[PDB]
Amino acid sequence: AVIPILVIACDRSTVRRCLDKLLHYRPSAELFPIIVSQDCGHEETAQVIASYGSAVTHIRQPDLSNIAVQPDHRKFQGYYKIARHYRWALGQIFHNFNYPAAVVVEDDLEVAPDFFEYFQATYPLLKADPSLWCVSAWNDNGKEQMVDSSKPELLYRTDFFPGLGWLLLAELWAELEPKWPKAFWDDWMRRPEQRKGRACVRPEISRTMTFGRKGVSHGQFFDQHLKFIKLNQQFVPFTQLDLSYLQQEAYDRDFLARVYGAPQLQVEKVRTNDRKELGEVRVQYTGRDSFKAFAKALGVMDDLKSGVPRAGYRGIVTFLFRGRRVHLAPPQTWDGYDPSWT
Ligand SMILES: O=c1ccn([C@@H]2O[C@H](COP(=O)(O)OP(=O)(O)O)[C@@H](O)[C@H]2O)c(=O)[nH]1
Ligand SMILES: [Mn+2]
């Protein structure tokens, strides 16, 4: 299947780093055409993209005008521009070029060696399972000490849309475009009105890493969290593996049985590495305060978007802690996310 890589660029010449890695690992130019959509009009960045010649297709967002923002958004013009560019670029991919799907890659992302293999293998899953709405290369809790380096092939389902290197079908763009927001597109997709209970596939070890310390957003989130996500460097032949375990029917039975069948341990014992014979445990939280307290105690991202925790699935956040597999989970009576958990 032909799956274009849509690279979103603007005014950072470091799009070079992004393109160099994509082109180095690309297994087929025919199967993975690279389309670089550039906003802003920055000359140096345009020259960098143009220098790749026919290895990429360079297109330019046509409307470089300033955008009238709402009264609460004077400091956020950049986010309005990002949203406008996404709408135009995705429109080019799905309306002009008429591709069936696309992997969206921001210009400050470096991909892993098996980035293409991963999407080639998971595309069929996304096509077949309507309960999935994306495949993402990003593990929100993918810091080196929180992932199992011996399981680079392990994948999961997540209710938290990760973005940062993600595959979507033309069918999803059909649903999103008519109501595309003025700004903050990713948090908008995280709302239940958009997500509609759908999940994304995400890996144990991230297939992308960001180097965009300087960008539209102030660098604090990058400095405290994003910079620490470990990029996978061990090539996994995903197309040769049986990924049927990711189908909702199998996953919701097996993964959930696994989580709730695991012994429960108090957060303090997990933290101080007590009871090491229990290689897989569950740390149960019962409310917003305990979730944030326990997440923080174990070094897990503790913010919530529309009530969904980072990398969470049915409220469960799975990660490694000092070599132990941990599932920070709600009681099994869990029955939906509460957006008021902020
Ligand atoms: O006016 C702009 C500013 C940025 N971007 C793009 O939108 C993405 C997000 O930008 P950035 O990485 O700077 O955002 P941050 O991660 O800092 O929130 C990148 O692909 C940029 O090239 C854009 O299309 N138009
Ligand atoms: Mn960025």
# chains A, B, ... in the order shown; residues from 1 in each chain; ligands from 1
call {"tool": "select_by_dssp", "arguments": {"residues": "stretch 41-97 of chain A", "states": "helix (DSSP H, G or I)", "output": "number ranges by chain"}}
result
A: 43-50, 53-55, 74-96
call {"tool": "write_last_selection", "arguments": {"atoms": "C-alpha atoms", "output": "PDB file, in the first residue's frame"}}
result
ATOM      1  CA  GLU A  43      14.082  31.072   2.593  1.00  0.00           C
ATOM      2  CA  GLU A  44      16.914  29.088   4.155  1.00  0.00           C
ATOM      3  CA  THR A  45      14.570  26.274   5.147  1.00  0.00           C
ATOM      4  CA  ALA A  46      13.053  26.299   1.647  1.00  0.00           C
ATOM      5  CA  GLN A  47      16.522  26.054   0.121  1.00  0.00           C
ATOM      6  CA  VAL A  48      17.380  23.131   2.371  1.00  0.00           C
ATOM      7  CA  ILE A  49      14.240  21.264   1.326  1.00  0.00           C
ATOM      8  CA  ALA A  50      14.769  22.091  -2.346  1.00  0.00           C
ATOM      9  CA  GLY A  53      15.603  17.420  -5.288  1.00  0.00           C
ATOM     10  CA  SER A  54      13.330  14.625  -6.449  1.00  0.00           C
ATOM     11  CA  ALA A  55      13.868  12.624  -3.240  1.00  0.00           C
ATOM     12  CA  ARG A  74      -3.076  36.871  21.927  1.00  0.00           C
ATOM     13  CA  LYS A  75       0.066  34.919  22.897  1.00  0.00           C
ATOM     14  CA  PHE A  76      -0.932  31.918  20.799  1.00  0.00           C
ATOM     15  CA  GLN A  77      -0.840  32.989  17.143  1.00  0.00           C
ATOM     16  CA  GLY A  78       1.708  30.264  16.403  1.00  0.00           C
ATOM     17  CA  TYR A  79      -0.780  27.555  17.384  1.00  0.00           C
ATOM     18  CA  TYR A  80      -3.370  29.030  15.009  1.00  0.00           C
ATOM     19  CA  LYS A  81      -0.779  28.904  12.226  1.00  0.00           C
ATOM     20  CA  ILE A  82       0.053  25.280  13.032  1.00  0.00           C
ATOM     21  CA  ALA A  83      -3.617  24.308  12.852  1.00  0.00           C
ATOM     22  CA  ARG A  84      -4.090  26.158   9.564  1.00  0.00           C
ATOM     23  CA  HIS A  85      -1.069  24.426   8.037  1.00  0.00           C
ATOM     24  CA  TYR A  86      -2.197  20.979   9.174  1.00  0.00           C
ATOM     25  CA  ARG A  87      -5.600  21.522   7.558  1.00  0.00           C
ATOM     26  CA  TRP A  88      -4.057  22.588   4.274  1.00  0.00           C
ATOM     27  CA  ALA A  89      -1.322  19.940   4.179  1.00  0.00           C
ATOM     28  CA  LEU A  90      -3.614  17.064   5.072  1.00  0.00           C
ATOM     29  CA  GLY A  91      -6.030  18.393   2.451  1.00  0.00           C
ATOM     30  CA  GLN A  92      -3.269  18.151  -0.133  1.00  0.00           C
ATOM     31  CA  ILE A  93      -2.493  14.583   0.897  1.00  0.00           C
ATOM     32  CA  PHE A  94      -6.079  13.399   0.895  1.00  0.00           C
ATOM     33  CA  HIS A  95      -7.827  15.620  -1.664  1.00  0.00           C
ATOM     34  CA  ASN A  96      -5.166  16.536  -4.230  1.00  0.00           C
TER      35      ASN A  96
END
call {"tool": "residues_around", "arguments": {"residues": "stretch 206-215 of chain A", "least_positions_apart": "4", "cutoff": "9 Å", "atoms": "only C-alpha atoms", "output": "number ranges by chain"}}
result
A: 12, 14, 106-115, 118, 136-140, 142, 152, 164-165, 202, 219-220, 222-223, 226-233
call {"tool": "residues_around", "arguments": {"residues": "residue A:120", "least_positions_apart": "5", "cutoff": "10 Å", "atoms": "only C-alpha atoms", "output": "ChimeraX atom specification"}}
result
/A:1-3,31-32,114-115,125,238-239
call {"tool": "residues_around", "arguments": {"residues": "residue A:303", "least_positions_apart": "5", "cutoff": "8 Å", "atoms": "only C-alpha atoms", "output": "ChimeraX atom specification"}}
result
/A:292,309-310,342
call {"tool": "select_by_dssp", "arguments": {"residues": "stretch 73-258 of chain A", "states": "strand (DSSP E)", "output": "count of residues only"}}
result
30
call {"tool": "closest_residue", "arguments": {"among": "A:160, A:337, A:166, A:184", "to": "residue A:312", "atoms": "only C-alpha atoms"}}
result
A:160
call {"tool": "residues_around", "arguments": {"residues": "stretch 276-282 of chain A", "least_positions_apart": "4", "cutoff": "7 Å", "atoms": "only C-alpha atoms", "output": "list in words"}}
result
residues 259, 262, 263, 264, 265, 324, 325, 326, 327, 328 and 329 of chain A
call {"tool": "closest_residue", "arguments": {"among": "A:320, A:18, A:36, A:5", "to": "ligand 2", "atoms": "only C-alpha atoms and all ligand atoms"}}
result
A:18
call {"tool": "atom_distance", "arguments": {"atom1": "atom CA of residue A:258", "atom2": "atom CA of residue A:271"}}
result
21.3 Å
call {"tool": "atom_distance", "arguments": {"atom1": "atom CA of residue A:175", "atom2": "atom CA of residue A:127"}}
result
15.2 Å
call {"tool": "residues_around", "arguments": {"residues": "residue A:256", "least_positions_apart": "3", "cutoff": "12 Å", "atoms": "only C-alpha atoms", "output": "CSV table (one decimal) with N, CA and C atoms, in the first residue's frame"}}
result
chain,number,residue,atom,x,y,z
A,156,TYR,N,1.3,-1.8,22.2
A,156,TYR,CA,0.1,-1.6,23.1
A,156,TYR,C,-0.9,-0.8,22.4
A,157,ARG,N,-2.1,-0.8,23.0
A,157,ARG,CA,-3.2,0.1,22.6
A,157,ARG,C,-3.2,1.2,23.6
A,248,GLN,N,-8.9,-5.4,19.0
A,248,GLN,CA,-9.6,-5.1,20.2
A,248,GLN,C,-10.2,-6.3,21.0
A,249,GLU,N,-10.8,-7.3,20.3
A,249,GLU,CA,-11.3,-8.4,20.9
A,249,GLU,C,-10.3,-9.2,21.7
A,250,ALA,N,-9.1,-9.4,21.2
A,250,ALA,CA,-8.1,-10.1,21.8
A,250,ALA,C,-7.4,-9.3,23.0
A,251,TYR,N,-7.1,-8.0,22.6
A,251,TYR,CA,-6.5,-7.1,23.6
A,251,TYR,C,-7.3,-6.9,24.9
A,252,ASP,N,-8.6,-6.6,24.7
A,252,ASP,CA,-9.4,-6.3,25.8
A,252,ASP,C,-9.7,-7.5,26.7
A,253,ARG,N,-9.4,-8.7,26.2
A,253,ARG,CA,-9.6,-9.8,27.1
A,253,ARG,C,-8.2,-10.2,27.7
A,259,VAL,N,-3.4,-7.6,33.4
A,259,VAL,CA,-3.3,-6.5,34.4
A,259,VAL,C,-4.0,-6.8,35.7
A,260,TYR,N,-5.2,-7.2,35.6
A,260,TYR,CA,-5.9,-7.5,36.9
A,260,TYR,C,-5.6,-8.8,37.5
A,261,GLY,N,-4.9,-9.7,36.8
A,261,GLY,CA,-4.5,-10.9,37.3
A,261,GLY,C,-3.1,-10.8,38.1
A,262,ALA,N,-2.5,-9.6,37.8
A,262,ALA,CA,-1.2,-9.4,38.4
A,262,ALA,C,-1.4,-8.9,39.9
A,282,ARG,N,0.6,-4.5,39.9
A,282,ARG,CA,-0.4,-3.5,39.6
A,282,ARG,C,-0.4,-2.6,40.8
A,313,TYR,N,-4.7,3.2,28.9
A,313,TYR,CA,-5.6,2.4,28.2
A,313,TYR,C,-6.6,1.9,29.3
A,314,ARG,N,-7.9,2.3,29.1
A,314,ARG,CA,-8.9,1.9,30.1
A,314,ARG,C,-8.3,2.3,31.5
A,315,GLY,N,-7.7,3.5,31.5
A,315,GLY,CA,-7.1,4.1,32.7
A,315,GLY,C,-5.8,3.5,33.2
A,316,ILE,N,-5.3,2.5,32.5
A,316,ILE,CA,-4.1,1.8,32.9
A,316,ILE,C,-2.8,2.4,32.2
A,317,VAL,N,-1.8,2.8,33.0
A,317,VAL,CA,-0.6,3.3,32.5
A,317,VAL,C,0.4,2.2,32.8
A,318,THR,N,1.1,1.6,31.7
A,318,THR,CA,2.0,0.5,31.8
A,318,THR,C,3.4,1.0,31.5
A,327,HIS,N,1.7,-1.7,36.3
A,327,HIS,CA,0.5,-1.3,35.7
A,327,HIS,C,-0.2,-0.3,36.7
A,329,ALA,N,-3.1,1.3,37.7
A,329,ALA,CA,-4.4,1.0,37.2
A,329,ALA,C,-5.6,1.4,38.2
A,330,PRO,N,-6.8,1.6,37.6
A,330,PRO,CA,-7.9,2.0,38.4
A,330,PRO,C,-8.5,0.6,38.8
A,331,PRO,N,-9.6,0.7,39.7
A,331,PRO,CA,-10.2,-0.6,40.1
A,331,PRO,C,-10.8,-1.2,38.8
A,332,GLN,N,-11.0,-2.5,38.8
A,332,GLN,CA,-11.5,-3.1,37.6
A,332,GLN,C,-13.0,-2.7,37.2
A,333,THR,N,-13.6,-2.0,38.1
A,333,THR,CA,-14.9,-1.4,37.9
A,333,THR,C,-14.9,-0.2,37.0
A,334,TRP,N,-13.7,0.2,36.5
A,334,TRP,CA,-13.5,1.3,35.7
A,334,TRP,C,-14.5,1.3,34.5
